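First the structure, in the form of structure tokens, and then the observations on it.
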There are 2 protein chains.
Amino acid sequence: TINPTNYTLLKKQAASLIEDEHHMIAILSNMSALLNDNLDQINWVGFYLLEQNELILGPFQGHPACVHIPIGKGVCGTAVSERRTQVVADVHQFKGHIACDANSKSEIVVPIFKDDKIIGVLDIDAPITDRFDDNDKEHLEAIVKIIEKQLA
Amino acid sequence: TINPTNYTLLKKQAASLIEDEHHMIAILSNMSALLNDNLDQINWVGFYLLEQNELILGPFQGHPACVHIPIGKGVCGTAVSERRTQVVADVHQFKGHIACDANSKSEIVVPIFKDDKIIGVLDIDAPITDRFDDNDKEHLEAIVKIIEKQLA
């Protein structure tokens with residue numbers, strides 16, 4: 001069972017942990033908390049930032065994670081190489097998954113852009129398969145857009 | 001009731017989420033998770049970094065928090081101005097506590113140094129009073145020393 005999220009109100013809340021703020025790490029840290037507090041059936045939510053051509057672990061809510069993820073590898077790395085959101089129903093069956101993806105049963109990764117350049121990703125993992133659907137995708141991408149506008 | 005923490009083994013674990021790593025934010029993010037996973041009776045654990053003469057929110061495990069904390073104000077700000085660890089049994093009775101400290105009943109804040117300069121603090125809040133004692137202080141300061149050596 002997955003309790004629904006009121007994404008409509010969540011987007012307004014997100015605007016508050018983003019508005020008037022210009023310290024990116026602080027924005028990402030608070031956003032990881034906001035999402036964790038409002039998404040049921042997830043075991044990890046956070047960000048990875050693109051640096052020196054590889055994803056580097058950023059703020060998150062959950063257990064310790066891998067720090068380095070190569071572009072094109074893993075669910076997160078594939079989101080960057082594909083330059084599009086990845087909605088994975090079964091990570092174990094995801095072509096390109098890596099050991100670092102081990103504790104994720106299903107997952108959604110949204111690329112974050114700035115000046116047409118991917119600067120990182122929003123990554124949300126779940127302890128069960130098929131956690132995310134098209135609706136979750138639409139609302140989470142909208143929330144990422146709010147983050148992008150603030151970082152722009 | 002507060003379940004004890006095996007700080008001896010925790011220090012060795014900390015060395016693993018710090019060793020060979022040079023990305024500070026990644027180190028701090030993973031450390032917040034490690035501490036959260038091994039400390040009972042706490043409701044927030046994370047870091048604030050000193051920037052432009054004020055504390056700025058960094059990686060943490062818990063609910064959204066205030067982004068800006070002035071030096072000398074609040075439990076965290078007082079740790080920086082006093083240049084020493086603050087072990088607070090009752091935040092509500094702490095001289096200088098601020099609205100941003102509202103959800104913390106007891107707390108411990110350890111300053112983090114680099115080249116004799118305070119670069120931030122480790123902040124751990126609890127939902128009950130008198131959560132931390134001298135023993136917690138000794139072990140947490142030792143863990144901060146491990147972080148300092150890696151960032152040095």
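First the proteins, then the strands, lettered A, B, ... as listed; each starts at 1.
For chain B, the option among A:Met31, A:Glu51, A:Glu21 with the highest count of heavy-atom pairs below 4.5 Å is A:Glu21. The candidate with the highest count of non-hydrogen atom pairs below 4.5 Å against chain B, out of A:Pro59, A:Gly62, A:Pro64, is A:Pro64.
Of the residues listed (B:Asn30, B:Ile25, B:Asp20, B:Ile27), the one engaging A:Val67 in a side-chain contact (heavy atoms from CB on, under 4.5 Å) is B:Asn30, and it is the only one.
Under the 4.5 Å side-chain heavy-atom criterion for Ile, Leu, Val, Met, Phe, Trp and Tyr, A:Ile119 and A:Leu57 are members of distinct hydrophobic clusters. Hydrophobic clustering (side-chain heavy atoms under 4.5 Å, transitive across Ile, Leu, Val, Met, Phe, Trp, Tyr) keeps B:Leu35 apart from A:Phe60. Transitive grouping of hydrophobic side chains (ILVMFWY, heavy atoms separated by less than 4.5 Å) brings A:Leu55 and A:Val75 into a common cluster. Tracing side-chain contacts under 4.5 Å through hydrophobic residues (I, L, V, M, F, W, Y), one reaches B:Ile112 starting from B:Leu49; they form part of the same cluster. Put simply, B:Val110 and B:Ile143 are part of the same group of oily side chains (I, L, V, M, F, W, Y) that touch within less than 4.5 Å, one to the next.
Of the atoms belonging to A:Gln52, it is side-chain heavy atoms, and not backbone ones, that fall under 4.5 Å from chain B. With a 4.5 angstrom heavy-atom cutoff, B:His63 touches chain A via backbone and side-chain atoms both.
No donor-acceptor pair closer than 3.5 Å links the side chain of A:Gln61 to the backbone N or O of B:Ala33.
One finds the OG atom of A:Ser29 at 9.5 Å from the OH atom of B:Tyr48 (value rounded to the nearest 0.5 Å).
Residues satisfying the salt bridge (charged side-chain N to carboxylate O under 4.0 Å, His left out) criterion with B:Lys145, sequence neighbours excluded, are absent altogether.
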